[PDB]
Peer 1: 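Take this structure first; my questions come after.
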Amino acid sequence: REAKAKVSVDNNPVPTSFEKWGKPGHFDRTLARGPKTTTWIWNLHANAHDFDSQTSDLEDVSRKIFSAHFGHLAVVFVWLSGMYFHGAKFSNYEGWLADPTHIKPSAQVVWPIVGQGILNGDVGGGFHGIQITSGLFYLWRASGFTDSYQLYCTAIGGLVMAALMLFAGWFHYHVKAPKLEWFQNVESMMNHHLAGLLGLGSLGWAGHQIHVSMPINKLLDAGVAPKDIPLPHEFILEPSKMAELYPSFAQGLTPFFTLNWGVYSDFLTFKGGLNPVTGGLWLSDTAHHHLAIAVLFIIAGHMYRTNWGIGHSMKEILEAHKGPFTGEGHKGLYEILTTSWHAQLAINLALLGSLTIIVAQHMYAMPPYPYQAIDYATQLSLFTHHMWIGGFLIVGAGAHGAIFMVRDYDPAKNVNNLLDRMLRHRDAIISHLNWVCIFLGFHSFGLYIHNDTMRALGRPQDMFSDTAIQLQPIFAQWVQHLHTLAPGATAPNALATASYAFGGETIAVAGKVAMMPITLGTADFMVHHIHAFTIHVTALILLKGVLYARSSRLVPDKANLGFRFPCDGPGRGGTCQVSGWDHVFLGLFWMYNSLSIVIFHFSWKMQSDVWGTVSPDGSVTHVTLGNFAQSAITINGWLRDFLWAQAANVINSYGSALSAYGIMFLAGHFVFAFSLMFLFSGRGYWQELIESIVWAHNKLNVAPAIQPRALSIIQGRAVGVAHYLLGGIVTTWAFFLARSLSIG
Amino acid sequence: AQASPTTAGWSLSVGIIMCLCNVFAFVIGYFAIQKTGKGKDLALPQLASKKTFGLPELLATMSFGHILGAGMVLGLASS
Amino acid sequence: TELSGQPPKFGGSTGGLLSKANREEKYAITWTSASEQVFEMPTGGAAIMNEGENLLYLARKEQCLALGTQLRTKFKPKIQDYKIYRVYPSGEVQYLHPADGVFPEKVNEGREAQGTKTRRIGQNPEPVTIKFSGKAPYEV
Amino acid sequence: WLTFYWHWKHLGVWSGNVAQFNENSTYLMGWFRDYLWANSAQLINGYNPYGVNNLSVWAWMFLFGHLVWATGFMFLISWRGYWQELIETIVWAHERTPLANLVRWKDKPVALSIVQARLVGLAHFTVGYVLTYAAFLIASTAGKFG
Amino acid sequence: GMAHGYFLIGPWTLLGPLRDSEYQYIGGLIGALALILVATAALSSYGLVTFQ
Amino acid sequence: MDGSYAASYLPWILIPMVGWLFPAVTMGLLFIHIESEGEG
Amino acid sequence: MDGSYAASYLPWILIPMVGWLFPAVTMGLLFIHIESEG
Amino acid sequence: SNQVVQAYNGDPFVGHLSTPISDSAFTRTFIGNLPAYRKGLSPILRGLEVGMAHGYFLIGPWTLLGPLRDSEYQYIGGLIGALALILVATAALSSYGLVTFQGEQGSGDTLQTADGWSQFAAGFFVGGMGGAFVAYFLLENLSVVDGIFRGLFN
Ligand code: CLA
Ligand code: CLA
Ligand code: CLA
Ligand code: CLA
Ligand code: CLA
Ligand code: CLA
Ligand SMILES: CCCCCCCCCCCCCCCC(=O)OC[C@H](COP(=O)(O)OC[C@@H](O)CO)OC(=O)CCCCCCCCCCCCCCC
Ligand SMILES: CC1=C(/C=C/C(C)=C\C=C\C(C)=C\C=C\C=C(C)\C=C\C=C(C)\C=C\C2=C(C)CCCC2(C)C)C(C)(C)CCC1
Ligand code: SF4
Ligand SMILES: [Ca+2]
Ligand SMILES: [Ca+2]
Ligand SMILES: [Cl-]
């Protein structure tokens, strides 16, 4: 399988066997000798995917990584097919599609036993189950699914694909294992990921939208009912069935090649607003967008030189960028991103988590799927879900930046490049970031404290409010104004605004509001500065962990200690948590804090100044009656009018289909309190307690041969932070879900 | 309220706009392409500037000429 | 006496000496190199040692010792002739490492024994037996 | 646990509605909503967007105890060395910022010690515990008058 | 400075433009203060240049 | 002295700045500069 | 702020003294004592 | 030598860098000629100028944002706030000098001594009180300043 390519594989490097499955710890030479202490077990899980600590061959590591990628893709295919099958044979997708505005999207039926059958609440049309917030029904309606058999077929295809990915992983780790030369083709890999994966993907999805999503949805919104819509392929068998909806189809693909594109203005629109029937983005707009994105990505996938002389050498581009401030510039970065997996992982985790948070922010205010803006639970759930995914990916980006610093950083190849100079003024960077975090904390949280003290003393006129000392976010208001004036001027062909959150019509579907102008005042200014503050503190922790992983004034030989170590003794005043791993540990807490305040802001602002009902007068009555302005300026406001008030749904959820949310609420509280034990103590006390219990077992000859050892310091920290995040996020999950499911 | 295009390419859109953009891109490639005849597939003799050094150079420069020509056509068509 | 050697080729950093070097004390590492090489700076970033003699000033003794371990453990012709001194603001220089021209890892004659207890660990006197004194079990 | 039990049972006894405690103290959600959430309603309204009543100090002190408790968490979870490195960067900053160079510390700034950090985190934890529970106790029992 | 600031208030107090207004003495004070400020700047510039 | 033009508060302070502050400051800088006995 | 109790002029000046003068004096004395000799 | 960032004072092993912000001609000339660093000055003159400037600008915050800003005593309140903050700053300066120059006195510069730092504190106190009072006096008499600037009394 050469085909005059740059492919180079090894025909049989690893034999297939089952014997190593019976030796837990084969990948670690320190664990192969068998357990003697309980720590042996824990480390077996800690280094499972730590391929660098298993072998010093970059080629074998790349092969393990490739096959692990295939395995993870098989797992995600299995999960996606499970979701599709549960929508197929276990959901009310058809009863919902027949009448969305009067039925709740349900899935996952519970077996009636031990009382748990109560969780299958009535969702409409006689269906009993658990209301789902993932928004799968809206996505499937956007895709054009009409029959549950098609969800079943998608599940079958996904399971077939999962088997394919698993076979591919096995085949490329045991049969044809690609060489290290093949992975280092970053120019080719980039060309393909831009053109083949992204370009072709959006191109085919635009085609599917034009042939399946757009016609079916055009009819669906007009009330034609699902069972009366012809099948998606009857539109391909009958061109007149496509020309009746879009007369532009009657001219064929002749205007396309002749650049006569305007003819296609029937199905390739630039409406901008929302669909008045369902409250989602126009599928014509999404298809046009996918077409443009596909062309852009395909054109981008031609920049880099591969096997034909034409193209861009990324090494030459990086080395050609150097100025008076930065020395030799990006020289040596090609060698880093070609010989180091952790540098790539850090960059990609950072950008992917940012993209995920951007996805959350762009989907909450521009509802792309039909009838997703009406459902407040699904909106809030998707928002916070992508928020947390992005936060975790960013913390992991910091972790792997530090890992690269400790393991793959070579000072001999980083002589006066960007990384070298950053290491040479990290003190300035971190001191200024320290100051910026302090200035933000004083000038965001401190403003809330001022308001609390002034209101408590009976001095409302001395507060930072819209009615006293105003903090008007003038710039955001100006940009919103510019957005509301773009269609017709700075956006000539666009029919409406990009989003009504900046302003415009208060689009409402059914009895509820879909999207109205989101006003910004003093409380919004304060919350945005809280956001900046928390983001800065988290980034400070992570960046200091990365830059000081190799050395510091305290520990000039920190690199030799490794990336993951508890400390370097109680000397030098005390050196606990000096490692980069411990910086990731702290950045985890601060990411949790930042994202928690972000999602709380989202929930309260949407429920207060956006979400609500609309009576046949134009007048809007919001969920919690616009209390954001006068209450979100003090901490007591967030305690009373947000936490105390909106947790009434979660606490009184017993005896209904939401009692599980109260159960998980208490469970998250308990897991936070449980984490506190791992976070506040030390290993020595637990080892002494284990010594006493081991004596007690010696009294009756129940002493295990594997000596019980207390959790290591690093493991104690990992367990504590894992339980802390789990408990807090599950608490807010239950709270948000119950609240947004008990507001209509 | 759509941007007006042109249907048949006839004498204006083709030759006068598309082919001239292709020739401009061919000149820009012949001047600025670093590796011109480094492709694994070689071109047939030399002839003129319609195609001279390597099939990949001609293919890439025709693609860039098509980009330029589509842009200039949809521009002069008033958008 | 007078410390000799060329400073390593370095563009500068913010992790070097502070006011302590001139108010309190400073340290110096000297070493001979078989060629112009690149080493890692204990204060962050990379530097270039010259072929021949190299003299480098650092803020703390542990930094010089980290540089010494790196010289002796990370280069093809191992640099082990390095010397570490302590410099005072009066210009005084106190030779430090290796103390007796031989690394402390391996035994060498002429060295006295300090901090050596003739007894065992578990044979320390009970604290109550030495209370209301200025001593601890590991001191008498 | 002592004071929660005592206060919930005694609130029930004083209001004559011992049924609430006797029937809801069996599951922990009963404690979460009928004791903590409920008796807080008065306290958290000592001051609000509408004015101030006699529970303003108690609400403010409730939030004060929350703040002090979390600040204790700060010292308890994060351990010295990180802070010593941060303080080292801040020391670098001060020595190199003009005008402020006219001024120098008499004592070299260093991070709190390990035992000191435990003591300080625990001190904040205990201050917050006592103050927030005292605020809740007083405000609830006084706004209900038992 | 005591002697000079004391006597410099007079000229503008009795002969300045605000002498025939409700702000006569305030006008004199403002004039004398501005003059003493300029004089201080002159003295300081002199010191700066002659003792290098 | 008044002003119906926009931002007529600008001359109010700009005239003393252009007439007093800028001249005094620039003459002081130039006096110091032309009297500096550095090298030559 | 007022007071129907007798000598209501006493807190008038006594609250700043306990809150400003006394703390500033004690903190200054203790600061000088902390940083004594050298 | 296209690089604009170099070692500080020709020593790459001192914890600093020479940058356009830290060690450029403009920064050297401006910072070096502020009253703190201007060559030849006596500590009391440095203190006087610094205090003038600081007492002057410290009038504003409480004047426009303090509790008396909405009263018939706005300017007086801003004045009082400025004067008290300057008194506390003066006590701080005096105490700093008291503890930092206890033993032998260096010969480098007069500011870095016990006598010199106390003289700088006296200058700061006097200049700060004066500048705060002149700012308050200008604000209180803004109407006569307005008539002076518009030629209303001609
Ligand atoms: C057009 C060519 C092409 C395509 C589409 C891909 C696509 C992909 N690559 Mg690959 N790659 C390519 C060229 C291509 N690559 C070349 C030329 C090289 C050599 C330099 C590499 C070397 C490379 C490496 C080393 C790795 C990848 C990885 C990945 C996957 C990560 C992204 C992801 O998970 O998205 C979403 C996932 C999916 C949509 C699942 C579908 C996967 C199927 C099997 C591939 C697409 C179908 C196939 C093209 C047939 C289509 C026919 C029909 C549908 C029209 C992804 C599916 C990474 C990986 O394995 O991640 C798991 C990885 O480690 N690529
Ligand atoms: C594509 C993303 C990606 C990739 C491939 C890697 C890859 C790697 N990481 Mg990294 N990292 C990532 C994201 C990623 N990480 C993220 C998002 C974070 C933030 C949390 C981190 C933070 C991080 C740290 C702190 C460390 C690593 C480490 C490692 C290496 C060891 C893997 C391991 O620990 O074994 C297997 C993993 C485990 C045994 C952990 C299992 C714990 C589970 C997931 C608890 C979570 C609960 C679950 C989600 C829900 C509750 C269910 C429960 C009730 C049953 C490995 C090469 C380690 C290292 O030393 O690097 C060399 C290490 O110390 N990473
Ligand atoms: C509510 C709890 C809490 C609070 C108060 C703080 C406080 C702070 N943390 Mg921390 N943290 C916490 C929890 C908390 N943490 C926990 C649980 C952990 C464990 C994961 C951490 C771990 C952590 C790390 C790793 C870091 C911080 C950082 C910071 C500082 C950020 C800079 C700033 O905002 O400027 C100052 C803000 C304040 C001091 C807030 C209080 C301001 C009040 C309202 C004003 C007081 C008025 C007046 C002075 C009172 C006078 C009293 C009178 C009697 C004299 C800040 C002082 C970062 C840092 O150091 O910043 C650079 C940092 O790196 N934290
Ligand atoms: C932003 C920096 C700054 C600031 C806040 C001040 C502030 C002040 N200076 Mg200073 N000065 C500065 C920089 C500064 N200076 C520098 C760099 C120099 C060296 C050239 C001087 C040299 C200087 C002298 C010789 C004197 C002052 C004096 C004063 C006070 C009189 C008010 C005044 O001059 O109007 C405000 C000034 C400004 C808004 C502009 C400041 C920057 C320019 C370059 C200052 C130029 C000084 C100039 C020759 C004197 C002004 C003449 C006067 C009529 C205003 C005042 C509080 C006088 C004083 O009473 O000292 C005790 C005086 O004698 N300054
Ligand atoms: C420990 C006892 C104690 C306590 C906690 C208080 C509490 C208080 N007093 Mg009172 N006071 C006390 C004893 C006490 N008093 C006695 C015995 C007298 C009669 C001599 C007074 C006469 C007095 C007056 C006239 C006033 C107060 C006032 C006040 C309030 C503000 C403090 C102040 O400005 O006055 C300062 C207190 C004094 C000058 C009296 C000295 C206090 C005793 C004799 C010494 C306490 C020492 C004790 C060991 C504490 C040391 C600190 C500790 C860490 C060791 C405050 C709530 C003011 C008020 O009414 O608030 C509205 C006020 O006007 N007190
Ligand atoms: C909390 C932040 C804050 C706040 C709210 C204020 C508030 C205020 N500031 Mg301040 N300021 C601040 C921070 C702040 N400042 C900071 C950080 C700085 C830099 C250190 C300054 C520096 C500054 C200066 C230099 C001045 C103010 C002034 C003012 C007042 C102007 C309003 C006014 O009177 O309108 C109307 C406008 C006027 C009254 C202008 C006054 C006319 C001037 C004095 C004429 C001088 C020009 C002339 C050339 C003088 C040379 C004469 C010479 C030849 C003898 C106002 C109350 C002004 C003031 O105090 O007025 C007396 C003023 O001079 N501020
Ligand atoms: C209130 C109105 C006033 C607004 C003014 C605000 C701008 C002034 C401060 C901006 C900093 C300018 C320096 C960057 C411009 C810049 O990058 O210059 C370029 C320079 C490097 O350029 P080279 O010439 O080396 O380019 C060659 C490259 O190809 C090789 O790297 O970077 C530096 O000088 C390092 C210093 C960066 C450290 C400064 C960052 C500070 C963060 C600022 C955050 C504030 C805004 C954040 C919003 C997201
Ligand atoms: C522009 C600019 C800048 C800035 C600046 C600032 C930020 C500020 C300053 C300002 C200020 C801060 C000013 C001031 C002034 C002050 C004064 C002018 C004072 C005074 C005093 C007097 C006048 C007197 C008084 C008195 C006495 C002492 C005695 C008795 C009483 C009385 C009152 C008479 C710089 C250069 C940096 C850079 C460039 C640009
Ligand atoms: S307390 Fe634990 S982490 Fe800290 S120095 Fe001691 S052993 Fe190391
Ligand atoms: Ca007031
Ligand atoms: Ca007159
Ligand atoms: Cl409130």
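In what follows, every heavy atom counts, from backbone to side chain, and hydrogens, waters and symmetry copies are set aside. Counting starts at 1 for both ligands and their atoms, following the listed order. Residue numbering restarts at 1 for every chain, and letters A, B, ... go by the order of the sequence lines.
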Peer 1: Yes or no, since that's all I need: does a protein heavy atom fall within a distance strictly under 4.0 Å of atom 19 (C) of ligand 6?
Peer 2: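 Within 4.0 Å of atom 19 (C) of ligand 6, no protein heavy atoms are found.
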
Peer 1: Any side-chain to backbone donor/acceptor pair from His386(A) onto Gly353(A)? Under 3.5 Å, distance only.
Peer 2: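 Absent.
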
Peer 1: Would you confirm whether any non-hydrogen atom of the protein falls under 4.0 Å from atom 32 (C) of ligand 1?
Peer 2: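 Within 4.0 Å: yes, protein heavy atom nearby.
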
Peer 1: CG/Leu67(D) to CH2/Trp60(D) distance, rounded to the nearest 0.5 angstrom?
Peer 2: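 CH2 of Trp60(D) is found 8.5 Å from CG of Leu67(D).
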
Peer 1: Tell me: protein heavy atom nearest atom 37 (C) of ligand 1, and distance?
Peer 2: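 That would be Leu73(A) CD1, 3.7 Å.
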
Peer 1: Do side-chain atoms of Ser67(A) reach the backbone of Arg63(A) as a donor and acceptor pair under 3.5 angstrom?
Peer 2: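 At least one qualifying donor-acceptor pair exists.
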
Peer 1: With a heavy-atom distance limit of 4.0 Å, tell me whether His72(A) approaches ligand 1 through its side chain, its backbone, both, or neither.
Peer 2: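 Under 4.0 Å from ligand 1, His72(A) contributes no heavy atoms.
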
Peer 1: Considering only protein heavy atoms, determine whether one is less than 4.0 Å from atom 44 (C) of ligand 1.
Peer 2: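 Given the 4.0 Å cut-off, atom 44 (C) of ligand 1 counts as touching protein heavy atoms.
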
Peer 1: Identify the protein heavy atom lying closest to atom 13 (C) of ligand 1, giving its residue, its atom name and the separation to 0.1 Å.
Peer 2: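 Looking at atom 13 (C) of ligand 1, the protein heavy atom closest to it is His192(A) CB, 3.5 Å.
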
Peer 1: How about atom 5 (C) of ligand 6: does it have a protein heavy atom within less than 4.0 Å?
Peer 2: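 Yes.
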
Peer 1: Looking at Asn348(A) and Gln344(A), would you say the former's side chain and the latter's main chain have a donor-acceptor pair under 3.5 Å?
Peer 2: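 Judged by distance alone, yes, a pair lies under 3.5 Å.
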
Peer 1: For atom 22 (C) of ligand 1, decide whether some protein heavy-atom distance is shorter than 4.0 Å.
Peer 2: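 Looking at atom 22 (C) of ligand 1, one finds that a protein heavy atom does lie closer than 4.0 Å.
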
Peer 1: Under a heavy-atom criterion of less than 4.0 Å, does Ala24(F) contact ligand 6?
Peer 2: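 Checking ligand 6 against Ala24(F), which is what was asked, there is no heavy-atom contact under 4.0 Å.
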
Peer 1: Yes or no, since that's all I need: does a protein heavy atom fall within a distance strictly under 4.0 Å of atom 54 (C) of ligand 1?
Peer 2: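 No, no protein heavy atom sits under 4.0 Å from atom 54 (C) of ligand 1.
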
Peer 1: List the closest protein heavy-atom neighbour of atom 1 (C) of ligand 1: residue, atom name, distance to the nearest 0.1 Å.
Peer 2: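 Here the closest protein heavy atom is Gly196(A) CA, 3.4 Å.
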
Peer 1: Going by the order shown, which atoms of ligand 6 are within less than 4.0 Å of some heavy atom of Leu21(F)?
Peer 2: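 What qualifies from ligand 6 is 49 (C).
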
Peer 1: Output yes when a protein non-hydrogen atom is found under 4.0 Å of atom 50 (C) of ligand 6, and no otherwise.
Peer 2: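 False for atom 50 (C) of ligand 6.
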
Peer 1: Could you tell me the residue and atom name of the protein heavy atom closest to atom 35 (O) of ligand 1, and the distance to it rounded to 0.1 Å?
Peer 2: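 Residue, atom and distance for the closest contact: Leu197(A) CD2, 4.0 Å.
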
Peer 1: With heavy atoms of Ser188(A) as the reference, note each atom of ligand 1 found under 4.0 Å away.
Peer 2: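 The atoms of ligand 1 under 4.0 Å from a heavy atom of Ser188(A) are 17 (C), 20 (C).
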
Peer 1: Can you check whether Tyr47(D)'s main-chain N or O pairs, donor with acceptor, with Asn636(A)'s side chain at less than 3.5 Å?
Peer 2: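 Looks like yes, one N/O pair under 3.5 Å.
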
Peer 1: Please name the pair of heavy atoms, one in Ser143(A) and one in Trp205(A), separated by the smallest distance, quoted to 0.1 Å.
Peer 2: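 Nearest heavy atoms, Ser143(A) then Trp205(A): OG-CH2, 3.7 Å.
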
Peer 1: According to the interplanar angle, ranging from 0 to 90°, do the rings of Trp170(A) and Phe167(A) count as parallel (below 30°), tilted (30 to 60°) or perpendicular (above 60°)?
Peer 2: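 Answer is tilted, since the angle falls between 30° and 60°.
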
Peer 1: Please identify which atoms of ligand 1 are closer than 4.0 Å to at least one heavy atom of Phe183(A).
Peer 2: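 Atoms satisfying the 4.0 Å criterion: 25 (C).
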
Peer 1: Of all the atoms in ligand 1, which lie at a distance below 4.0 Å from a heavy atom belonging to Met165(A)?
Peer 2: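 With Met165(A) as reference, the close atoms of ligand 1 come out as 42 (C), 44 (C).
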
Peer 1: If we only count N/O pairs under 3.5 Å, is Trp182(A) in contact with ligand 1?
Peer 2: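 Checking ligand 1 against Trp182(A), no N or O pair falls under 3.5 Å apart.
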
Peer 1: Strictly distance-based, threshold 3.5 Å: is any side-chain N or O of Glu59(A) a donor or acceptor partner for the main-chain N or O of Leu180(A)?
Peer 2: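 Yes: the side chain of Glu59(A) pairs with the backbone of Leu180(A).
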
Peer 1: Does the protein put any heavy atom within less than 4.0 Å of atom 47 (C) of ligand 6?
Peer 2: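 For atom 47 (C) of ligand 6 the answer is no, since every protein heavy atom stays at 4.0 Å or beyond.
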
Peer 1: Is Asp462(A) reaching over with its side chain to a backbone N or O of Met454(A), donor-acceptor style, under 3.5 angstrom?
Peer 2: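 No, the answer is negative, given that no donor and acceptor are paired below the 3.5 Å cut-off.
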
Peer 1: Could you tell me the separation between the NZ atom of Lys6(A) and the NZ atom of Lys40(B), rounded to the nearest 0.5 Å?
Peer 2: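 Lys6(A) atom NZ to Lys40(B) atom NZ measures 12.5 Å (nearest 0.5 Å).
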
Peer 1: Output yes when a side-chain donor or acceptor of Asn141(H) lies under 3.5 Å from a complementary backbone atom of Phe137(H), and no otherwise.
Peer 2: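 Yes.
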
Peer 1: So, for atom 65 (N) of ligand 6, does the protein have a heavy atom nearer than 4.0 Å?
Peer 2: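 Within 4.0 Å of atom 65 (N) of ligand 6, no protein heavy atoms are found.
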
Peer 1: Between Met190(A) and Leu194(A), is any pair of side-chain heavy atoms under 4.5 Å apart?
Peer 2: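 Yes; the side chains approach each other to less than 4.5 Å.
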
Peer 1: Among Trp644(A), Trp604(A), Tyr448(A), whose ring-ring contact (aromatic ring centres under 6.0 Å, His included) with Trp638(A) holds?
Peer 2: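 Among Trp644(A), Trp604(A), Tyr448(A), the one meeting ring-ring contact (aromatic ring centres under 6.0 Å, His included) with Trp638(A) is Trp604(A).
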
Peer 1: Which ligand 6 atoms does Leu139(H) reach within 4.0 Å, using its non-hydrogen atoms?
Peer 2: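 So the atoms of ligand 6 that pass are 34 (O), 61 (O), 62 (C).
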
Peer 1: Any non-hydrogen atom of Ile59(H) lying under 4.0 Å from ligand 6?
Peer 2: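 No, that is not the case, since the closest heavy atom of the residue is not under 4.0 Å from the ligand.
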
Peer 1: Protein non-hydrogen atoms only, distance under 4.0 Å: does atom 39 (C) of ligand 1 have such a neighbour?
Peer 2: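 It does not; no protein heavy atom is within 4.0 Å.
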
Peer 1: Go through the steps for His49(A) and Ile65(A) under the test side chain to side chain contact (heavy atoms under 4.5 Å, CB included), then give the verdict.
Peer 2: CA-CA 9 Å; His49(A) 308 156; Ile65(A) 290 167; over 6 Å; no

Peer 1: Side chains of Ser143(H) and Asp146(H): donor-acceptor distance under 3.5 Å anywhere?
Peer 2: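 The criterion, which ignores hydrogens and geometry beyond distance, is not satisfied for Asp146(H) and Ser143(H).
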
Peer 1: For atom 52 (C) of ligand 6, what's the nearest protein heavy atom and its distance?
Peer 2: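 Result: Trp20(F) CE3, 4.1 Å.
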
Peer 1: Determine the interplanar angle of the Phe136(D) and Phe62(D) rings, folded into 0 to 90°, and report it as parallel if under 30°, tilted if 30 to 60°, perpendicular if over 60°.
Peer 2: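 Tilted: the ring planes of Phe136(D) and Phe62(D) meet at 30° to 60°.
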
Peer 1: Using atom types as modelled and distance alone, determine if a side-chain donor or acceptor of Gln74(H) lies under 3.5 Å from a backbone N or O of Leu68(H).
Peer 2: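 A pair under 3.5 Å: no.
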
Peer 1: Assign the ring pair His172(A) / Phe70(A) to parallel, tilted or perpendicular, where the plane angle (0 to 90°) is split at 30° and 60°.
Peer 2: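 Parallel, since the angle between the ring planes stays under 30°.
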
Peer 1: Can you tell me the protein heavy atom closest to atom 26 (C) of ligand 1 and the distance?
Peer 2: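 Checking every protein heavy atom, the shortest distance to atom 26 (C) of ligand 1 gives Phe66(A) CE1, 3.5 Å.
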
Peer 1: Any idea which protein heavy atom is nearest atom 8 (C) of ligand 6, and the distance to it?
Peer 2: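 Answer, as residue, atom name and distance: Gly60(H) CA, 3.8 Å.
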
Peer 1: How close does the nearest protein non-hydrogen atom get to atom 56 (C) of ligand 6, and which residue and atom is it?
Peer 2: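 For atom 56 (C) of ligand 6, the nearest protein heavy atom is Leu64(H) CD1, 3.9 Å.
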
Peer 1: Distance under 4.0 Å to a non-hydrogen atom of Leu142(H): what atoms of ligand 6 satisfy this?
Peer 2: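 Going through ligand 6 atom by atom, the ones under 4.0 Å from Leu142(H) are 39 (C).
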
Peer 1: What protein heavy atom sits nearest atom 41 (C) of ligand 1, and how far off is it?
Peer 2: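 Protein heavy atom at minimum distance: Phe77(A) CZ, 3.9 Å.
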
Peer 1: Under the 3.5 angstrom rule, does the side chain of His400(A) hit a backbone N or O of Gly396(A) as a donor-acceptor pair?
Peer 2: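 Absent.
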
Peer 1: Measuring from atom 42 (C) of ligand 6, which candidate in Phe22(F), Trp62(H), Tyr56(H), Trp12(F) has the nearest non-hydrogen atom?
Peer 2: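 Ranked by closest heavy atom to atom 42 (C) of ligand 6, first place is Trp12(F).
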
Peer 1: Of all the non-hydrogen atoms in the protein, which one sits nearest to atom 10 (Mg) of ligand 1, and at what distance?
Peer 2: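 Looking only at protein heavy atoms, the one closest to atom 10 (Mg) of ligand 1 is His193(A) CE1, 3.2 Å.
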
Peer 1: So which heavy atom in the protein is nearest atom 2 (C) of ligand 6, and how far is it from that ligand atom?
Peer 2: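 Sorting protein heavy atoms by distance from atom 2 (C) of ligand 6 puts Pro61(H) CG, 4.1 Å first.
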
Peer 1: Out of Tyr9(F), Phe57(H), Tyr136(H), whose heavy atom sits nearest atom 11 (N) of ligand 6?
Peer 2: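 When every heavy atom of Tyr9(F), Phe57(H), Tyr136(H) is considered, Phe57(H) comes closest to atom 11 (N) of ligand 6.
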
Peer 1: Answer yes or no: is there a donor N or O on one side and an acceptor on the other, between the side chain of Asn451(A) and the main chain of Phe464(A), under 3.5 Å?
Peer 2: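 Side chain of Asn451(A) to backbone of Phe464(A): a pair is present.
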
Peer 1: Which heavy atom of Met463(A) sits nearest a heavy atom of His450(A), and at what distance?
Peer 2: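 Between these two residues, the closest heavy atoms are CA-NE2, 4.0 Å.
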
Peer 1: Closer than 4.0 Å to some heavy atom of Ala34(E) - which atoms of ligand 6 meet that?
Peer 2: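 Within the 4.0 Å cut-off of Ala34(E), ligand 6 contributes 55 (C).
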
Peer 1: Under 4.0 Å and counting heavy atoms only, is there anything from the protein next to atom 59 (C) of ligand 6?
Peer 2: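 Neighbour list for atom 59 (C) of ligand 6 includes protein heavy atoms (cut-off 4.0 Å).
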
Peer 1: Give the residue, atom name and distance (to 0.1 Å) of the protein heavy atom nearest atom 63 (C) of ligand 1.
Peer 2: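 Protein heavy atom with the smallest distance to atom 63 (C) of ligand 1: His69(A) ND1, 3.4 Å.
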
Peer 1: Run the numbers for me: atoms of ligand 1, each under 4.0 Å from some heavy atom of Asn185(A), listed by number.
Peer 2: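 It comes down to these atoms of ligand 1: 20 (C).
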
